[PDB]
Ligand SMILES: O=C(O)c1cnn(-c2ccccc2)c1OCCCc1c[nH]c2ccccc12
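Single chain ahead, by itself, as structure tokens, in the form solved without this ligand.
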């Protein structure tokens, strides 16, 4: 009867994201991770790689599924038969923008957005900073799932 969508680019998924997936799966009957397409072309990992990384990092969550999102998040959400979005907060989150989008999403489709603080140990990782640090030779392996580290190292070597 209950369901939530966890939308994002996940380029790549981090342990911060996985923390949020785990909490959504614990509180909702079904969770759908919506991987948004990168239309303007310029990400690090292509869509298939991002799906695989999320799937491989979430095998311990039987009530969670992974799907590609297209168009408005609220359209995807309602297409899943749901009316809730679950999003993580971490250090560096643009929360004012997240609030603006949440209020807009409520306005246009009646979809609620629930925010949850990510675990402190994963509160400073973001996809973008993780990539930037790793590209410059820094070790972020404790902040990403092993399926992601495997792929990141390959791009390095």
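Numbering follows the first chain given and starts at 1. Take the two forms, find the largest set of C-alpha atoms that superpose within 1.5 Å, and that set is the rigid core.
The discussion below concerns the form solved in complex with this ligand, not included here.
Within 4.5 Å of some heavy atom of this ligand in the deposited bound form lies at least one heavy atom of residue 16. Although the partner is absent here, residue 20 sits close enough that one of its heavy atoms falls within 4.5 Å of this ligand in the deposited bound form. Using a 4.5 Å cutoff between non-hydrogen atoms, residue 126 counts as a contact of this ligand in the deposited bound form. Remark: residue 28 does not count among the residues lining this ligand in the deposited bound form, judged by a heavy atom distance of 4.5 Å or less. For a residue to qualify, one of its non-hydrogen atoms must sit within 4.5 Å of this ligand in the deposited bound form; none of 52, 55 and 151 qualifies. Residues of 108-125 lying near this ligand in the deposited bound form, listed in sequence order, are 118, 122, 125, the criterion being any heavy atom within 4.5 Å. Only one candidate in 94, 48, 132, 29 has its Cα displaced by 2 Å or more between the shown form and the other one after core superposition: 94. Between residue 132 and residue 91, the Cα spacing is larger in the deposited bound form than in the shown form, differing by no less than 3 Å.
Relative to the shown form, the CA atoms of residue 107 and residue 92 are brought 3 Å or more closer together in the deposited bound form.
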